[PDB]
Amino acid sequence: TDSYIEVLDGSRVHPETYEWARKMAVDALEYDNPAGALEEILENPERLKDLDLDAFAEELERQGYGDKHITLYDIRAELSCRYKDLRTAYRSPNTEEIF
Amino acid sequence: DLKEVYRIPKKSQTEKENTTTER
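From first to last, the protein sequence lines are chains M and l. Sequence positions in the first sequence follow the entry's author numbering and run 1046 to 1077, 1084 to 1150. In this text, residue positions in the second sequence follow the entry's author numbering: the first is 2018, and each later residue adds one.
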């Protein structure tokens, strides 16, 4: 209608971590626009592999959010191929299955 | 000069060379 749609809605990343995801995208591009940086990282995910997430997790722990190593790594893996079907690939029934 | 907010830094060369052997 007349509102901007947050691109991360299509991804995982609970809405309580949109600010963290935006900051991670802005820092990976090594900028000094949140949405533009997010849209660029979504298409150039190779730049997220060089970012240090352990330092960010330590920063979060020192700020007062508790342990977030796994949460941040999950957000990074999400930026890389938003919602990737974790289900096992299709396989043809083997001999015993067919029998 | 000092109003710069925290910035998520990049990994060191040691980490970039070591962690690359894990997947």
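By construction, the Cβ of each residue, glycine as well, lies at the ideal position given by its N, Cα and C atoms.
query	result
Cβ-Cβ distance between M/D1118 and M/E1112 below 8 Å	yes
Interface positions of the segment 1085-1116 of chain M facing chain l (Cβ-Cβ less than 7 Å), listed along the chain	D1101, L1102, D1103, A1106, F1107, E1110
At least 3 beta-carbon pairs within less than 8 Å: the segment 1051-1064 of chain M vs the segment 1124-1137 of chain M	yes
Residues of the segment 1116-1148 of chain M whose Cβ lies closer than 9 Å to any Cβ of chain l, in chain order	none
Proximal chain l residues relative to M/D1072, where beta-carbon distance stays under 7 Å	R2024, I2025
Helix, strand or coil at M/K1119 according to DSSP, with G and I counted as helix	coil
Check whether l/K2027 and M/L1104 have beta carbons under 8 Å apart	no
C-beta atoms of M/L1053 and M/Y1063 nearer than 8 Å	yes
Proximity of M/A1108 and M/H1120 at Cβ, strictly below 8 Å	yes
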